Amino acid sequence: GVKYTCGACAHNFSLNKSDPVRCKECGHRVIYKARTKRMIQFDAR
Amino acid sequence: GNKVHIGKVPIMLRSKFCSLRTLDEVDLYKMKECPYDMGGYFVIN
Amino acid sequence: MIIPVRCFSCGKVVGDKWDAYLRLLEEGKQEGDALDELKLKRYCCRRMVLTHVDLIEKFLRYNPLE
Ligand SMILES: [Zn+2]
Ligand SMILES: [Zn+2]
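Thresholds applied
- Residues numbered from 1 in each chain as written, not as in the entry; some residues may be left out.
- Chains lettered and ligands numbered in written order.
- Part of a larger assembly, values for the part shown.
- Heavy atoms only, no water.
- Helix = DSSP H or I, 4+ residues; strand = E, 2+ residues; numbered from the N terminus.
- Polar contact = N/O pair within 3.5 Å; in protein donor to acceptor, adjacent residues only side chain to side chain.
- Contact = heavy atoms within 4.5 Å.
- Buried < 20%, exposed > 50% of the residue type's maximum accessible area, 1.4 Å probe, protein only.
- Donors = N, O, S within 2.8 Å, 3.2 Å for Na, K, Ca; no water.
- Tetrahedral: all angles 85-135°; square planar, octahedral: opposite > 155°, others 65-115°.
- UniProt positions renumbered as here; feature names shortened; annotations may be inferred.

### Concerning the side chain of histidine 52 of chain C
All names here are of chain C. For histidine 52, the position within the fold is in the loop between α3 (43–50) and α4 (56–60). Of the polar contacts made by the side chain of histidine 52, one reaches the backbone oxygen of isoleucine 2; its length is 3.4 Å. One polar contact links the side chain of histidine 52 to the main-chain amide nitrogen of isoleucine 3, over a distance of 3.5 Å. Other than its neighbours up to four places away in sequence, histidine 52 contacts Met1, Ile2, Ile3, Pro4, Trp18 and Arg47.

Below you can see the structure in the form of C-alpha coordinates.
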(Lines give C-alpha, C1' and ligand atoms only; values in the text may rest on other atoms or scores of the structure.)
(Ligands and ions follow the chains in the order given, each with its own letter.)
Protein backbone atom coordinates (compact mmCIF):
# COMPACT_ATOMS: atom_id res chain seq x y z
CA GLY A 1 0.00 0.00 0.00
CA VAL A 2 2.44 2.65 1.21
CA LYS A 3 6.19 2.28 0.73
CA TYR A 4 8.45 2.69 3.77
CA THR A 5 12.15 2.38 4.51
CA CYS A 6 14.02 0.90 7.47
CA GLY A 7 16.24 3.39 9.25
CA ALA A 8 18.89 0.73 9.97
CA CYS A 9 19.02 -1.87 7.19
CA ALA A 10 17.19 0.07 4.41
CA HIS A 11 14.82 -2.81 3.54
CA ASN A 12 11.67 -1.62 1.78
CA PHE A 13 8.19 -2.90 2.66
CA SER A 14 4.60 -1.76 3.09
CA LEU A 15 2.26 -1.44 6.06
CA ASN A 16 -1.50 -1.01 6.40
CA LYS A 17 -3.18 0.62 9.44
CA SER A 18 -3.21 -2.46 11.75
CA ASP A 19 0.46 -3.60 11.84
CA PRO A 20 3.00 -2.47 14.50
CA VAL A 21 5.56 0.20 13.66
CA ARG A 22 8.81 -1.72 13.19
CA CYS A 23 11.14 -3.09 10.54
CA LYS A 24 10.49 -6.70 9.55
CA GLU A 25 14.21 -7.35 9.02
CA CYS A 26 15.97 -5.95 12.11
CA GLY A 27 13.18 -4.74 14.38
CA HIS A 28 14.30 -1.10 14.20
CA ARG A 29 11.60 1.25 15.48
CA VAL A 30 12.49 4.34 13.42
CA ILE A 31 11.10 4.28 9.85
CA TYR A 32 10.62 6.75 7.00
CA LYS A 33 8.08 7.27 4.22
CA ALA A 34 9.28 6.65 0.67
CA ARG A 35 9.36 9.30 -2.06
CA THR A 36 6.01 10.12 -3.71
CA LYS A 37 5.07 8.76 -7.14
CA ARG A 38 4.52 12.23 -8.65
CA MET A 39 7.14 14.04 -10.70
CA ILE A 40 8.76 17.12 -9.13
CA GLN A 41 9.84 20.12 -11.23
CA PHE A 42 12.17 22.98 -10.31
CA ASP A 43 12.94 26.14 -12.29
CA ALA A 44 16.72 26.03 -11.71
CA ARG A 45 16.77 29.67 -10.62
CA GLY B 1 19.05 -6.76 50.87
CA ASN B 2 18.58 -6.71 47.10
CA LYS B 3 19.71 -3.56 45.28
CA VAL B 4 16.87 -1.03 45.10
CA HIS B 5 16.29 1.44 42.25
CA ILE B 6 15.77 5.11 43.19
CA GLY B 7 15.14 6.56 39.72
CA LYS B 8 16.86 7.98 36.64
CA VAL B 9 19.41 10.82 36.42
CA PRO B 10 19.86 12.69 33.09
CA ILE B 11 23.37 12.26 31.67
CA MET B 12 25.36 15.15 30.23
CA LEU B 13 26.42 14.27 26.69
CA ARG B 14 30.14 13.49 26.19
CA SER B 15 30.67 13.14 29.96
CA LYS B 16 32.23 9.99 31.38
CA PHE B 17 28.85 8.27 31.78
CA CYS B 18 27.59 8.89 28.23
CA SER B 19 27.70 6.07 25.71
CA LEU B 20 29.44 8.37 23.19
CA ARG B 21 32.57 8.94 25.32
CA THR B 22 34.07 5.76 23.86
CA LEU B 23 33.10 4.56 20.35
CA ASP B 24 36.03 6.47 18.72
CA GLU B 25 36.02 8.31 15.37
CA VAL B 26 34.99 5.32 13.24
CA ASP B 27 31.76 4.57 15.15
CA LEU B 28 30.58 8.13 15.88
CA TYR B 29 29.49 8.61 12.26
CA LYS B 30 27.42 5.43 12.47
CA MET B 31 25.58 6.71 15.54
CA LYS B 32 24.65 9.85 13.50
CA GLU B 33 26.61 12.08 15.90
CA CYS B 34 28.63 14.97 14.73
CA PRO B 35 32.28 15.09 15.84
CA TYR B 36 32.07 18.89 16.16
CA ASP B 37 29.33 18.52 18.81
CA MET B 38 31.17 18.97 22.10
CA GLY B 39 28.34 18.10 24.47
CA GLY B 40 27.80 19.87 27.75
CA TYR B 41 24.01 19.66 27.60
CA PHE B 42 21.14 17.35 28.52
CA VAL B 43 18.30 15.87 26.51
CA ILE B 44 14.87 16.16 28.16
CA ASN B 45 11.80 15.02 26.18
CA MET C 1 29.14 23.46 0.70
CA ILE C 2 30.53 22.60 -2.70
CA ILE C 3 32.48 24.91 -5.06
CA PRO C 4 30.19 27.51 -6.68
CA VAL C 5 29.67 27.27 -10.42
CA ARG C 6 30.21 30.99 -11.01
CA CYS C 7 32.06 33.82 -9.34
CA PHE C 8 29.35 35.82 -7.58
CA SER C 9 30.69 39.24 -8.57
CA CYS C 10 31.72 38.91 -12.22
CA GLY C 11 30.31 35.61 -13.46
CA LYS C 12 33.47 33.85 -14.73
CA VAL C 13 33.10 30.08 -14.42
CA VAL C 14 35.14 28.74 -11.51
CA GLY C 15 33.39 25.48 -10.82
CA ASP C 16 35.72 23.49 -13.10
CA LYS C 17 38.94 24.59 -11.39
CA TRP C 18 38.52 23.13 -7.90
CA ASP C 19 40.17 19.77 -8.60
CA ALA C 20 43.07 21.47 -10.38
CA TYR C 21 43.60 23.73 -7.36
CA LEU C 22 43.89 20.92 -4.79
CA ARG C 23 46.41 19.04 -6.94
CA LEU C 24 48.66 22.12 -7.25
CA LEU C 25 48.78 22.42 -3.45
CA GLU C 26 50.15 18.89 -3.11
CA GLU C 27 53.03 19.86 -5.41
CA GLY C 28 54.01 22.61 -2.84
CA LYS C 29 52.88 25.70 -4.74
CA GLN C 30 51.72 28.66 -2.69
CA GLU C 31 48.09 29.73 -2.86
CA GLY C 32 48.78 32.96 -4.75
CA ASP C 33 50.86 31.13 -7.36
CA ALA C 34 48.30 28.33 -7.79
CA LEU C 35 45.58 30.88 -8.53
CA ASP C 36 47.96 32.62 -10.95
CA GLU C 37 48.52 29.40 -12.92
CA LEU C 38 44.77 28.90 -13.27
CA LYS C 39 44.52 32.41 -14.84
CA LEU C 40 42.20 33.79 -12.15
CA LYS C 41 43.48 37.33 -12.39
CA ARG C 42 40.72 39.56 -10.97
CA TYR C 43 40.48 39.37 -7.20
CA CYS C 44 36.72 38.77 -7.33
CA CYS C 45 37.42 35.36 -8.89
CA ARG C 46 40.31 34.68 -6.48
CA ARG C 47 38.17 34.99 -3.32
CA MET C 48 35.86 32.23 -4.66
CA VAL C 49 38.53 29.57 -4.79
CA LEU C 50 40.82 30.79 -1.99
CA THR C 51 38.09 31.09 0.65
CA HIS C 52 35.69 28.26 -0.20
CA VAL C 53 35.23 25.64 2.53
CA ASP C 54 34.48 22.12 1.31
CA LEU C 55 31.89 20.77 3.71
CA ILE C 56 30.45 18.13 1.34
CA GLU C 57 33.35 15.81 2.23
CA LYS C 58 32.05 15.85 5.79
CA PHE C 59 28.36 15.31 4.89
CA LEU C 60 29.13 12.24 2.78
CA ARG C 61 30.58 10.40 5.80
CA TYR C 62 27.04 9.98 7.13
CA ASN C 63 25.82 6.54 6.05
CA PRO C 64 23.05 6.74 3.40
CA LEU C 65 19.60 6.46 4.98
CA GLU C 66 18.33 4.38 2.06
ZN1 LIG D 1 15.67 -3.33 9.15
ZN1 LIG E 1 35.65 36.89 -9.97
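So much for the structure itself; the text now carries on.
### Observations concerning the environment of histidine 5 of chain B
All names here are of chain B. Checked against the element boundaries, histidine 5 lands in the segment before α1 (24–28). A residue is classified by how much of its surface remains accessible, and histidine 5, at 60% relative accessible area, is exposed. Each C-alpha atom of the pair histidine 5 and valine 26 lies 35 Å from the other, and the pair is 21 residues apart in sequence. Polar contacts involving the side chain of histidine 5 include one to the main-chain carbonyl oxygen of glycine 7, which spans 2.6 Å.

### What about the coordination of the zinc ion (ligand 2)?
Residues and elements named next belong to chain C. Here the zinc ion (ligand 2) is held by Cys7 (SG), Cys44 (SG), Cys45 (N) and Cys45 (SG), and the distances to it run 2.2 to 2.5 Å. Bound by four donor atoms, the zinc ion (ligand 2) shows angles of 85 to 127° at the metal and therefore tetrahedral coordination geometry. Taken in chain order, the donor set of the zinc ion (ligand 2) reads C-x36-C-C. Taken as a pair, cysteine 7 in the segment before α1 (18–26) and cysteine 45 in helix α3 lie far apart in primary sequence, 38 residues in all.

### Examining the UniProt feature "binding site: Zn(2+) 1" (unreviewed entry) in chain A
All names here are of chain A. Per the UniProt record, the feature "binding site: Zn(2+) 1" (unreviewed entry) sits at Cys6, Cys9, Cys23, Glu25 and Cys26. Taking the farthest pair of C-alpha atoms as the criterion, the annotated set spanning 21 residues converges on one region, since that pair is 8.7 Å apart. Its place among the elements puts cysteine 9 in the loop between β1 (3–6) and β2 (12–14). You can call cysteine 9 partly exposed: its relative accessible area is 36%. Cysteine 9 has contacts with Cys23, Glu25 and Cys26, leaving out every residue within four places of it along the chain. Within the secondary structure layout, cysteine 26 lies in the loop between β2 and β3 (31–33). Setting aside residues no more than four positions away along its own chain, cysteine 26 makes contact with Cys6, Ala8 and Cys9.

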